[PDB]
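Since the structure comes first, as structure tokens, the remarks are kept for the end.
Just so you know, ligand 1 is whichever comes first in the structure, and atom 1 is the first atom listed for that ligand. Numbers for residues simply follow the sequence, beginning at 1. Every heavy atom of this structure was used, including side-chain atoms; hydrogens, water molecules and symmetry mates were not.
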Amino acid sequence: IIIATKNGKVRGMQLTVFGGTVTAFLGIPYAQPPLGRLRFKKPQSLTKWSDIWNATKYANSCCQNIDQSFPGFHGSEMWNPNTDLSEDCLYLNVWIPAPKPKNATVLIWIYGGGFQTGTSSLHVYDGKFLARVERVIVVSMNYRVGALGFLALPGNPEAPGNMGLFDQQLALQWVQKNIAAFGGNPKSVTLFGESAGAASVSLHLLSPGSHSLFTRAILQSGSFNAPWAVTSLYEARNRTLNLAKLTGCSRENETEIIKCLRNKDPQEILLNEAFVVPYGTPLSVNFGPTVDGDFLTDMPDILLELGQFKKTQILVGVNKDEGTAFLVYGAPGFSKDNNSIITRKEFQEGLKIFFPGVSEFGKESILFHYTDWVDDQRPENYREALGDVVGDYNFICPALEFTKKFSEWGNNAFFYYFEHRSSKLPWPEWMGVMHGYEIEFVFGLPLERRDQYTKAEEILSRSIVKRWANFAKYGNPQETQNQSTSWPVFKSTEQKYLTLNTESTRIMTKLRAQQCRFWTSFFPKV
Ligand SMILES: *[C@@H]1O[C@H](CO[C@@H]2O[C@@H](C)[C@@H](O)[C@@H](O)[C@@H]2O)[C@@H](O[C@@H]2O[C@H](CO)[C@@H](O)[C@H](O)[C@H]2NC(C)=O)[C@H](O)[C@H]1NC(C)=O
Ligand SMILES: *[C@@H]1O[C@H](CO[C@@H]2O[C@@H](C)[C@@H](O)[C@@H](O)[C@@H]2O)[C@@H](O[C@@H]2O[C@H](CO)[C@@H](O)[C@H](O)[C@H]2NC(C)=O)[C@H](O)[C@H]1NC(C)=O
Ligand SMILES: *[C@@H]1O[C@H](CO[C@@H]2O[C@@H](C)[C@@H](O)[C@@H](O)[C@@H]2O)[C@@H](O[C@@H]2O[C@H](CO)[C@@H](O)[C@H](O)[C@H]2NC(C)=O)[C@H](O)[C@H]1NC(C)=O
Ligand SMILES: CCCCN(CCc1c[nH]c2cc(O)ccc12)CCC1CCCCCC1
Ligand SMILES: *[C@@H]1O[C@H](CO[C@@H]2O[C@@H](C)[C@@H](O)[C@@H](O)[C@@H]2O)[C@@H](O)[C@H](O)[C@H]1NC(C)=O
Ligand SMILES: *[C@@H]1O[C@H](CO[C@@H]2O[C@@H](C)[C@@H](O)[C@@H](O)[C@@H]2O)[C@@H](O)[C@H](O)[C@H]1NC(C)=O
Ligand SMILES: CC(=O)N[C@H]1[C@H]([C@H](O)[C@H](O)CO)O[C@@](O)(C(=O)O)C[C@@H]1O
Ligand SMILES: *[C@@H]1O[C@H](CO)[C@@H](O)[C@H](O)[C@H]1NC(C)=O
């Protein structure tokens with residue numbers, strides 16, 4: 001029940017899972033609380049304790065704005081924090097199999113939420129099923145988001161940028177120094193994450209300070225080359241100065257600006273985050289990763305292109321309808337409570353919401369590439385086109401381009417296309433296989449027979465859980481026993497990928513080839 005770590009003793013709790021037992025340590029601190037003079041700085045190392053730390057409940061979630069667009073709707077609210085918000089939020093969780101394993105592979109989860117939201121305590125990130133079923137150890141951590149996690153004045157240690165990424169890194173360090181005491185193998189650590197969590201994972205593959213802290217990496221619906229994932233040196237500064245003006249903290253000594261922002265309540269910083277950009281989108285990452293000269297040494301597109309990253313296996317993938325979820329947070333004519341049949345004029349209006357600073361010619365060129373109908377009378381034509389536009393530009397094409405470029409330097413890569421709509425999904429049917437709704441299958445929630453999922457979904461989750469676990473243990477995401485479809489490596493020539501669904505697993509080639517040539521090779525010139 002009690003494990004001695006390098007900083008002190010922690011006490012866990014016993015969980016009953018599938019007629020078996022998992023030991024959970026919820027809320028182990030891994031850094032000095034970033035409070036007071038520590039706000040905005042890199043995370044500081046934690047001093048020893050002599051008592052027994054009780055890690056039996058999830059800790060505080062990091063300060064963040066909350067989705068209030070659909071009060072009382074489980075579809076949006078399941079992503080809102082489920083513990084108190086506090087700047088005192090640098091804690092992590094460990095699920096170990098019972099009985100204590102001897103040398104278990106470790107899976108470290110990094111949540112998404114656009115670098116502005118998210119928390120490790122969410123129900124769909126419960127690691128107890130992976131521990132029970134595959135005998136891996138699951139670790140997840142809270143990291144700072146929003147301006148408190150990524151405010152940037154490059155070079156200035158009072159606010160150097162990328163603090164949230166350094167939080168994640170200090171947690172990976174904790175796993176290296178401490179996980180053997182829990183039965184884990186620090187030499188067999190697989191990072192996995194979704195959305196901004198996946199972008200984070202892709203940046204740890206790029207940061208030299210993370211290279212000895214993990215073995216392999218899994219990227220679900222995200223990567224650093226997505227247009228939302230990296231704030232520019234220019235933008236970050238305009239945004240830092242705009243936040244200072246909004247809080248009455250405009251000063252000339254840049255350090256006295258930070259000092260002034262350190263006497264503001266967290267609530268005042270959160271209220272003004274939305275407005276630092278003149279035109280935002282539903283996908284807007286107001287404060288995100290930057291080229292800080294510490295975590296990130298050069299612009300990441302250049303490092304990817306020139307082979308400057310950790311050489312290892314990656315598992316990458318995306319969902320069939322990445323884009324649809326964002327259409328009901330601003331696009332005109334849309335609603336989760338009707339079928340959202342939009343006109344051509346509403347389509348064009350929607351491009352202005354999602355591409356606010358793009359030229360007229362650029363928006364016409366999107367319209368031209370996505371409105372060459374196979375049938376011009378289908379009334380859902382424009383509704384589906386805008387979802388595909390948003391998903392292809394923001395997620396699917398950047399992930400495919402990351403996988404091609406990474407694989408060109410000789411490592412095995414595996415690419416999946418998730419296309420199952422959860423039978424319990426509370427969003428309407430027109431949004432399809434939504435952004436974020438593979439996560440519960442990865443974490444094995446359908447394996448609980450009590451949870452109203454179908455048995456076909458139990459089989460799909462069971463197979464995904466095995467493939468993920470085999471990837472982390474052996475570099476190879478196969479299911480070798482139940483006559484499953486073999487997952488081939490993704491090579492830059494043939495570009496084979498595997499489809500994940502309840503009907504038939506299939507091998508296909510060159511996903512969204514025609515679409516991604518537009519986004520990756522033409523649209524960057526506009
Ligand atoms: C626990 O296992 C490690 C080996 O981990 C494996 O090898 C990694 C390279 C990676 O592929 C993981 O996914 C694997 O599971 C043992 O490491 C050995 O330690 C001895 C120390 O005497 C060293 O001489 C060997 O070179 C190491 N082997 C490798 C392959 O690096 C470790 O000893 C095991 N510890 C316990 C307590 O079981
Ligand atoms: C860079 O910053 C300036 C300043 O932004 C303004 O102040 C902030 C506190 C915030 O409330 C913003 O929404 C404000 O607009 C931006 O300049 C503004 O641009 C808008 C339209 O682009 C214009 O209507 C305002 O009058 C401008 N205000 C000032 C003081 O210049 C600017 O657009 C930002 N971005 C770029 C790329 O320059
Ligand atoms: C689908 O609904 C949108 C959103 O309208 C709101 O939500 C509905 C479910 C309903 O309760 C409405 O009363 C709400 O206002 C509709 O878009 C609106 O259309 C009106 C024209 O009647 C327009 O003035 C508003 O600006 C629109 N609102 C937005 C956010 O675009 C849309 O017409 C509905 N489409 C279908 C096919 O039913
Ligand atoms: C201005 C409105 C922002 C609302 N947002 C929430 C915060 C956010 C901003 N930008 C992002 C980018 C991402 O990849 C993921 C989340 C976010 C989208 C909410 C969705 C969560 C993810 C799964 C779909 C269901 C609703
Ligand atoms: C830490 O926890 C200690 C033991 O917890 C108690 O015993 C177990 C079996 C559970 O039933 C649990 O709910 C009980 O509370 C406490 O004795 C100790 O006071 C705790 N320390 C602090 C600082 O709260
Ligand atoms: C594999 O299947 C198990 C149950 O299926 C039975 O066993 C296999 C080996 C075949 O003989 C089949 O005809 C039987 O019905 C599941 O319990 C197990 O979880 C499955 N494993 C994975 C990774 O999906
Ligand atoms: C506010 C509102 O009218 N909600 C309606 C919901 C949602 O619109 C969808 O589940 C998508 O969110 O759909 C129902 O058909 C349903 O699922 O039983 C009935 C209900 O009236
Ligand atoms: C800004 O203030 C800090 C703290 O008082 C001081 O160390 C620094 O030298 C000042 N810089 C300038 C340019 O005034």
To check your reading of the model: name the closest protein heavy atom to [atom], its residue, and the distance in Å.
atom: atom 4 (C) of ligand 3; answer: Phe334 O, 3.9 Å
atom: atom 37 (C) of ligand 3; answer: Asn339 OD1, 3.7 Å
atom: atom 12 (O) of ligand 7; answer: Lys336 NZ, 2.9 Å
atom: atom 9 (C) of ligand 7; answer: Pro426 O, 3.8 Å

Check for me whether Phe70 has a heavy atom closer than 4.0 Å to any atom of ligand 7.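 No, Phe70 has no heavy atom closer than 4.0 Å to ligand 7.
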Near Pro332, which atoms of ligand 3 are under 4.0 Å from a heavy atom of that residue?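 What qualifies from ligand 3 is 31 (O).
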Has ligand 3 got any nitrogen or oxygen that is less than 3.5 angstrom from a nitrogen or oxygen of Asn338?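 Yes, at least one N or O pair falls under 3.5 Å.
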Report yes if the SG atoms of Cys62 and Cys89 are separated by under 2.5 Å, and no otherwise.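 Yes, the SG atoms sit under 2.5 Å apart.
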Within a distance of under 4.0 Å, is there any protein heavy atom near [atom]?
atom: atom 2 (O) of ligand 3; answer: yes
atom: atom 1 (C) of ligand 7; answer: yes
atom: atom 18 (C) of ligand 3; answer: no
atom: atom 15 (O) of ligand 5; answer: no
atom: atom 6 (C) of ligand 3; answer: no
atom: atom 12 (C) of ligand 3; answer: no
atom: atom 15 (O) of ligand 7; answer: no
atom: atom 1 (C) of ligand 5; answer: yes
atom: atom 26 (O) of ligand 3; answer: no
atom: atom 24 (O) of ligand 5; answer: yes
atom: atom 19 (C) of ligand 7; answer: no

With heavy-atom distances below 4.5 Å as the criterion, would you say the side chains of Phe354 and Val389 are in contact?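 They are not in contact (no side-chain heavy atoms under 4.5 Å apart), so the answer is no.
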Considering all heavy atoms of both residues, which atom of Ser61 and which atom of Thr83 are nearest to each other, and what is their separation?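 Minimum heavy-atom contact is OG-OG1, 2.7 Å.
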Determine the minimum heavy-atom distance between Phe18 and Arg132, stating which atoms define it.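 In terms of heavy atoms, the two residues are closest at O-NH2, 3.0 Å.
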If you take the nearest heavy atom of each of [options], which one is closest to [atom]?
atom: atom 21 (N) of ligand 5; options: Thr56, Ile1, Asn54, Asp51; result: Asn54
atom: atom 31 (O) of ligand 3; options: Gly330, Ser340, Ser335, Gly333; result: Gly333
atom: atom 7 (C) of ligand 7; options: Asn338, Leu425, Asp337; result: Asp337

Return a yes/no value for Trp427: is any of its N or O atoms, backbone included, closer than 3.5 angstrom to an N or O of ligand 7?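 Among all N and O atoms of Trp427, none is under 3.5 Å from an N or O of ligand 7.
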What class does the angle between the rings of [X] and [Y] fall in, given that below 30° is parallel, 30 to 60° is tilted and above 60° is perpendicular?
X: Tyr370; Y: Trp519; answer: tilted
X: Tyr437; Y: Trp79; answer: perpendicular
X: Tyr497; Y: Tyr417; answer: perpendicular

Derivation of the ring pair (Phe, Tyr, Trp, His ring centres under 6.0 Å) call for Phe287 and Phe150: CA-CA 5 Å; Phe287 289 99; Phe150 297 91; 9.1 Å; no
Does the distance from a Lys or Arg side-chain N to an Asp or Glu carboxylate O, for [X] and [Y], drop under 4.0 Å?
X: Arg462; Y: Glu134; value: yes
X: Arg506; Y: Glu419; value: yes
X: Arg378; Y: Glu380; value: yes

Tell me whether the guanidinium CZ or amine NZ of [X] lies under 6.0 angstrom from the six-membered ring centre of [Y] and within 45° of its axis.
X: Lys42; Y: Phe166; value: yes
X: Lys424; Y: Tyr453; value: yes
X: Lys336; Y: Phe73; value: yes

Which atoms of ligand 7 sit under 4.0 Å from any heavy atom of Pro428?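 The list of qualifying atoms is 11 (C).
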Within ligand 7, which atoms have a heavy atom of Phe73 less than 4.0 Å away?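 Those of ligand 7 that fall under 4.0 Å from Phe73 are 12 (O).
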